[PDB]
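Take a look at the structure below.
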Amino acid sequence: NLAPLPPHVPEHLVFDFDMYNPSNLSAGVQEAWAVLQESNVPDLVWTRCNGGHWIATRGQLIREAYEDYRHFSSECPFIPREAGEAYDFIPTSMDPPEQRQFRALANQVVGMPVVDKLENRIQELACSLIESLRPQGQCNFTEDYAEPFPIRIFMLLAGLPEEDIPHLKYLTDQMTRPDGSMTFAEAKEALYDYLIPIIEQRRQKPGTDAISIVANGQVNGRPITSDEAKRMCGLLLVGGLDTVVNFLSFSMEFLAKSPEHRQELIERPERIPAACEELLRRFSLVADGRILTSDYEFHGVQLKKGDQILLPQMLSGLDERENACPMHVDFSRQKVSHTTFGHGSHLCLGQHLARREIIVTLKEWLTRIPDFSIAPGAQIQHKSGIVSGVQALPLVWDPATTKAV
Ligand code: HEM
Ligand SMILES: CC1(C)[C@@H]2CC[C@@]1(C)C(=O)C2
């Protein structure tokens, strides 16, 4: 389902990539997207899929477009257009200067200071989950570790019942990796039904949780509105439920397949943080966009007001012009260049929490479970979308090779 070419699009600029179902998915998700960077593909292409939209293919253009909020507005950040249209999350659906007062509040909630406070719980949960798994000699990493670990911390942070997980997780999934089961708006409404009561409750009778803070915060010297609060919280949820979760599976998938990588981290722990940047570069997983506020000529291509453009965060680090041998994982690269956490005014506030959960996982897993692999005859499937993922990740190990801590 290809939409008819708009008149202003030169036919030589056509490259029909489906962000929801790219061709090479079998090869791995990052490999499926990287087809965009082959020598046959222009720098800026038009895909007829998902209603028709631009895609910038190179780290340079992604960064520029990301910097330029004047032309590339955040108002309609998701493709397809109906989804970008229904999208009303704060601070993400706002541009500067308006975005600023909102970002400042979200920061209060997720920023450095919070990570520092929550450090010991993260470590405690990680060790507990791992130890519980260790003697089994087998899990479902995605369900057994990658889901609980990050989500239970977010639930803790947010002061929401662990009971809600399955329901929230479904809705969040709908937004980034749409099933056909529900439309963006529907999904958005459902999450909103969830949140509304809670905010009301935390407006009246505040706690110390992130929802209590967000609901009672000040923005531009006045108190936040319930609607505003609902709209930030919504984003906090999707951020919390849908990101680190998927990241961890790619990383673990790679570690299960690369013994030499595991050992390097065991022997030279000082490398973990370098390894973390390298894995964030290679297993980058986010692709959203922007909308043209006006007619604009960008690197010689005429964009029309209202055109949407995908600016795949994932792609910058995979760009050979930015990283030599991009598909190769090298913990000792002089310069790991990526935009995994975004670029421009919208740079990820949750980045600090994400790095903390990654590095803890790597250190604590390797400690107890040094030697593991993907289960014989398991075919790992990736998924594509606003946030990519791994369907399931069956691992096996000999318990006798494990170490209790
Ligand atoms: C591997 C993990 C993560 C990645 C790859 C990631 C990626 C991103 C990307 C690429 C953006 C920018 C979007 C744009 O410019 O439209 C974004 C923004 C944001 N992320 Fe993260 N994120 C991660 C984890 C999280 C966490 C754990 C949270 C907290 C719950 C979170 C909260 C946010 C927020 C609030 C923003 C928007 C800030 C603003 O618009 O000023 N993210 N993230
Ligand atoms: C692109 C993102 C990864 C970022 C945090 C959650 C997400 C889906 C958005 O709506 C902004």
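The numbering of the sequence shown is the deposited numbering, which starts it at 10 and goes up by one. Virtual Cβ for every residue (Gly too), placed ideally from N, Cα, C.
Rounded to the nearest angstrom, what separates residue i and residue j at their Cα positions?
i	j	result
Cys148	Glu306	51 Å
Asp251	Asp182	7 Å
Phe158	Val223	23 Å
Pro170	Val247	16 Å
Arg365	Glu128	8 Å
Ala167	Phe111	18 Å
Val338	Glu20	36 Å
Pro89	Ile275	44 Å
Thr302	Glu73	16 Å
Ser341	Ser293	18 Å
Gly37	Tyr29	14 Å
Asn116	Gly249	14 Å
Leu257	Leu320	23 Å
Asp297	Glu273	34 Å
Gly230	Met103	18 Å
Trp63	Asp27	12 Å
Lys126	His361	12 Å
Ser35	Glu195	30 Å
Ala95	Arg143	44 Å
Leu204	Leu245	11 Å
residue 415	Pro206	Any answer about residue 415 is impossible in this case: the structure gives the chain only from 10 up to 414.
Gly226	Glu40	43 Å
Within 10 angstroms of the Cβ of residue i, are there 16 or more other Cβ atoms? Answer buried if so, exposed if not.
i	result
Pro106	exposed
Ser190	exposed
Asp304	exposed
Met323	buried
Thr370	buried
residue 460	No information on residue 460 is available, as it lies outside the stretch 10 to 414 that the chain covers here.
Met336	exposed
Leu356	exposed
residue 419	Shown here, the chain extends from 10 to 414; a query on residue 419 therefore has no answer.
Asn33	exposed
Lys197	buried
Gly216	exposed
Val414	exposed
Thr234	exposed
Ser83	buried
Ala409	exposed
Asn10	exposed
Ligand 1 and residue i: does the residue's C-beta get closer than 8 Å to at least one heavy atom of that ligand?
i	result
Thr349	yes
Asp182	no
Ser258	no
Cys357	yes
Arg112	yes
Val310	no
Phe193	no
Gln322	yes
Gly353	yes
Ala115	yes
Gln108	yes
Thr302	no
Below 8 Å, is the gap between the Cβ of residue i and the nearest heavy atom of ligand 2?
i	result
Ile395	yes
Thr56	no
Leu204	no
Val295	yes
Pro278	no
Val119	no
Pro86	yes
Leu244	yes
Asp251	yes
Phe292	no
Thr185	yes
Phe98	yes
Notebook entry, point to check: Whole alpha helix (DSSP H) runs in the stretch 57 to 135 with 4 or more residues, listed along the chain?
Noted result: The qualifying runs are 68 to 76, 90 to 95 and 108 to 119.
Next item on the list: Run through the stretch 320 to 406 for me and flag every whole beta strand (DSSP E) of 3 or more residues, listed as ranges in chain order.
Entry: With a minimum length of 3 residues, the unbroken runs of beta strand (DSSP E) contained wholly in the stretch 320 to 406 fall at 403 to 405.
Note to self: Contact between the stretch 376 to 384 and the stretch 133 to 153 is defined here as three or more beta-carbon pairs at a separation below 8 Å; is this criterion met?
What the structure shows: Because the criterion of three Cβ pairs below 8 Å is met, the stretch 376 to 384 and the stretch 133 to 153 touch.
Check: Okay, do the stretch 341 to 351 and the stretch 60 to 76 touch, 3+ Cβ pairs below 8 Å being the bar?
Finding: In short, these stretches touch, since the Cβ pair count reaches three.
Margin query: For the pair the stretch 231 to 241 and the stretch 92 to 105, tell me if three or more CB-CB distances fall below 8 Å.
Written below: With the cut-off at 8 Å, the stretch 231 to 241 and the stretch 92 to 105 touch.
Notebook entry, point to check: Is the number of C-beta pairs between the stretch 279 to 289 and the stretch 382 to 396 that are closer than 8 Å three or more?
Noted result: With the cut-off at 8 Å, the stretch 279 to 289 and the stretch 382 to 396 do not touch.
Notebook entry, point to check: Quick check: the stretch 394 to 414 against the stretch 254 to 271, are there 3 or more CB pairs under 8 Å?
Noted result: Because the criterion of three Cβ pairs below 8 Å is met, the stretch 394 to 414 and the stretch 254 to 271 touch.
Item checked: Segments of 4+ residues assigned as alpha helix (DSSP H) that fall wholly inside the stretch 227 to 300 -> The stretch 227 to 300 contains these whole alpha helix (DSSP H) runs: 235 to 251, 253 to 266, 268 to 276 and 281 to 291.
Check: Unbroken beta strand (DSSP E) runs of length 3 or more, entirely within the stretch 142 to 168: which are they?
Finding: Unbroken beta strand (DSSP E) runs of no fewer than 3 residues, entirely contained in the stretch 142 to 168, are found at 147 to 149, following chain order.
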